[PDB]
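Reviewing the structure listed below.
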Amino acid sequence: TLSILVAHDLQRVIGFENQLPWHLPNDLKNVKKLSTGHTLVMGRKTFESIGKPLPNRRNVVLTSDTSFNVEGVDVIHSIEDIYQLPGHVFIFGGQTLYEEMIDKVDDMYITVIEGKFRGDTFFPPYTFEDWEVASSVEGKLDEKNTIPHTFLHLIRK
Ligand SMILES: NC(=O)c1ccc[n+]([C@@H]2O[C@H](COP(=O)([O-])OP(=O)(O)OC[C@H]3O[C@@H](n4cnc5c(N)ncnc54)[C@H](OP(=O)(O)O)[C@@H]3O)[C@@H](O)[C@H]2O)c1
Ligand SMILES: CCc1nc(N)nc(N)c1C#CCc1cc(-c2ccc(C(=O)O)cc2)ccc1OC
């Protein structure tokens, strides 16, 4: 399976100055749940902002940099390389990866952040005419998660 994994706000903002615009532990928890034991594919900028591979899953980084060789990370240099990765592969961002892959993935796990943040990077526009809502779950708010959010699983029609 090839899946997109993303959190975007009401205007499809996904990032600002190479960081997430919001603080949402429940979403990080869900990312961990979804991707542990599987594969994350991310663009070079997204990887550098995280700064190290995420534990207990395969980390794959797409870059044109022939010098890229980071411990605990597998490097690929072409979009086509993604299709050779075994198992459940999650496209983990950032904007360039989402734009390059949104027309190819099987399904999308999207956390809709119900706010309007300042952003400089975006998830591409999409229509629910193309995607079935397999599930939609309101995130629980608390002291540490204070922005309303909804977990979607969308499957291509
Ligand atoms: N909200 C979310 O769910 C989420 C998730 C992930 C990321 N983000 C955000 O997304 C933003 C970053 O997105 P971005 O578009 O600026 O960068 P990005 O997609 O993370 O990385 C871009 C880089 O990926 C490499 N790349 C992409 N396509 C390639 C291809 N076909 N062949 C070879 N290399 C390729 C290139 O690296 P080289 O220049 O090294 O060749 C390119 O410069 C950040 O703000 C981050 O916080 C948000
Ligand atoms: C966790 C935010 C997020 N949510 C969803 N639903 N899908 C995604 N693809 C990403 C993402 C991402 C990239 C990213 C992750 C992290 C990050 C932070 C904490 C944890 C963790 O505690 O597990 C994991 C990833 C940090 C920066 C960063 O880019 C700036």
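Note that the numbering runs from 1 along the sequence shown for the chain. For ligands, and for the atoms within them, numbers begin at 1 and follow the listed sequence.
Residue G93 approaches ligand 1 through these ligand atoms, each under 4.0 Å from one of its heavy atoms: 6 (C). With ligand atoms numbered from 1 in the order given, ligand 1 contributes 45 (O) to contacts under 4.0 Å with heavy atoms of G15. Each of the atoms 45 (O), 47 (O) of ligand 1 lies under 4.0 Å from some heavy atom of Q19. The distance from ligand 2 to the heavy atoms of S49 drops below 4.0 Å at these ligand atoms: 29 (O), 30 (C). Counting atoms of ligand 1 from 1 in the listed order, those under 4.0 Å from a heavy atom of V6 are 3 (O). Within ligand 2, the atoms closer than 4.0 Å to a non-hydrogen atom of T46 are 13 (C), numbered from 1 in the order shown.
Neither the backbone nor the side chain of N30 comes within contact range of ligand 2; no heavy atom lies under 4.0 Å. Residue contacts with ligand 2, taken as heavy atom pairs separated by less than 4.0 Å, involve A7 via backbone and side-chain atoms alike. Contact annotation: for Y98 versus ligand 1, heavy atoms closer than 4.0 Å belong to the side chain alone. At a heavy-atom distance under 4.0 Å, no atom of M42 approaches ligand 1. Contacts of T111 with ligand 2, taken as heavy-atom pairs under 4.0 Å, involve the side chain alone. Contacts between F16 and ligand 1 below 4.0 angstrom, taking non-hydrogen atoms only, involve the backbone exclusively. Using a 4.0 Å cut-off between heavy atoms, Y98 contacts ligand 2 through its side chain alone, with no backbone atom that close.
How far OH of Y109 is from CZ of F151: 13.0 Å, rounded to the nearest 0.5 Å. Atom OG1 in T111 sits 12.5 Å away from atom CG in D9 (nearest 0.5 Å). Separating the NZ atom in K52 from the CG atom in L54 is a distance of 6.0 Å, to the nearest 0.5 Å. To the nearest 0.5 Å, atom CG of residue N59 and atom CE of residue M42 are 4.5 Å apart. Going from atom CG of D74 over to atom CG of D81 covers 11.5 Å, rounded to the nearest 0.5 Å. Note that OG1 of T96 and CD of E99 are 7.0 Å apart. Values are rounded to the nearest 0.5 Å.
Look at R156 and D106 and you find no salt bridge, because none of the NZ, NE, NH1 or NH2 atoms lies under 4.0 Å from a carboxylate O.
The nearest protein atom to atom 16 (O) of ligand 1, hydrogens excluded, is given as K45 CD, 3.6 Å; this is a heavy-atom distance. The closest protein non-hydrogen atom to atom 2 (C) of ligand 2 is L20 CD1, 3.5 Å. The nearest heavy-atom contact from the protein to atom 6 (C) of ligand 1 is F92 O, 3.0 Å. Scanning the protein for heavy atoms near atom 13 (C) of ligand 2, the closest one is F92 CE2, 3.6 Å. Nearest non-hydrogen protein atom to atom 11 (C) of ligand 1 is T121 OG1, 3.6 Å. For atom 16 (C) of ligand 2, the closest non-hydrogen atom of the protein is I50 CG1, 3.9 Å. The protein heavy-atom contact nearest to atom 14 (P) of ligand 1 is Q95 N, 3.7 Å. Regarding atom 18 (P) of ligand 1, its nearest protein heavy-atom neighbour is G94 N, 3.6 Å. Among protein heavy atoms, the minimum distance from atom 25 (C) of ligand 1 is reached at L62 O, 3.2 Å. The protein heavy-atom contact nearest to atom 40 (O) of ligand 1 is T63 OG1, 2.7 Å. Looking from atom 44 (C) of ligand 1 to the surrounding protein, the closest heavy atom is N18 CA, 3.7 Å. In terms of protein heavy atoms, atom 22 (O) of ligand 2 is closest to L28 CD2, 3.4 Å.
Of the N or O atoms in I79, none lie within a sub-3.5 Å distance of an N or O in ligand 1. Taking any N or O of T46, backbone or side chain, at least one lies under 3.5 Å from an N or O belonging to ligand 1. Between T96 and ligand 1, at least one N/O pair is under 3.5 Å apart. The shortest N or O to N or O distance between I14 and ligand 1 is below 3.5 Å. At a 3.5 angstrom cut-off on N or O pairs, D27 counts as close to ligand 2. Residue contacts with ligand 1: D65 is placed with no nitrogen or oxygen under 3.5 Å of a nitrogen or oxygen of the ligand (distance criterion only). Polar contact with ligand 1: present for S64 (N/O pair, distance under 3.5 Å). At under 3.5 Å, a nitrogen or oxygen of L5, whether backbone or side chain, sits near a nitrogen or oxygen of ligand 2.
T127 and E129 form a side-chain donor-acceptor contact under 3.5 Å, judged by distance and modelled atom types alone. With no hydrogens or angles considered, a side-chain donor-acceptor pair links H153 and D107 at under 3.5 Å. In this model, a donor atom of one side chain and an acceptor atom of the other lie less than 3.5 Å apart for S3 and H88. Side-chain contact annotation: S49 with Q19, donor-acceptor N/O pair under 3.5 Å absent.
The shortest heavy-atom contact between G72 and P53 is O-CB, 3.6 Å. Shown here for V75 and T63, the closest heavy-atom pair between the two residues is CG2-CG2, 3.5 Å.
Atom 27 (C) of ligand 2 is approached by the protein to below 4.0 angstrom, counting heavy atoms only. Proximity of atom 2 (C) of ligand 1 to the protein is indicated by at least one non-hydrogen atom lying closer than 4.0 angstrom.
Test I82, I102, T46, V6 against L97 for side-chain contact (heavy atoms from CB on, under 4.5 Å) and you get one pass: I82. Evaluated for a side-chain contact (heavy atoms from CB on, under 4.5 Å) with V89, the options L40, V41, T1 yield exactly one hit, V41.
Taking the six-membered ring for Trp, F117 and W22 have ring centres closer than 6.0 Å. A centroid separation of 6.0 Å or more is found between the aromatic rings of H8 and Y98.
Taking hydrophobic clusters as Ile, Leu, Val, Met, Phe, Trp and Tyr residues chained together by side-chain heavy-atom distances below 4.5 Å, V73 shares a cluster with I50. Grouping the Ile, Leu, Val, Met, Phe, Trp and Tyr side chains by contacts below 4.5 angstrom, directly or via other members, places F92 apart from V60.
The number of heavy-atom neighbours closer than 6.0 Å to NE2 of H23, taken from other residues, nucleotides and ligands shown, is 12 or below.
With distances taken over non-hydrogen atoms, the option nearest atom 37 (O) of ligand 1 out of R44, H77, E100 is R44.
For the pair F90/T39, no side-chain contact is recorded, criterion being any heavy-atom separation below 4.5 Å from C-beta on.
Within the 4.0 Å heavy-atom shell around ligand 2 one finds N18. Within the structure, ligand 1 has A7 among the residues with a heavy atom less than 4.0 angstrom away.
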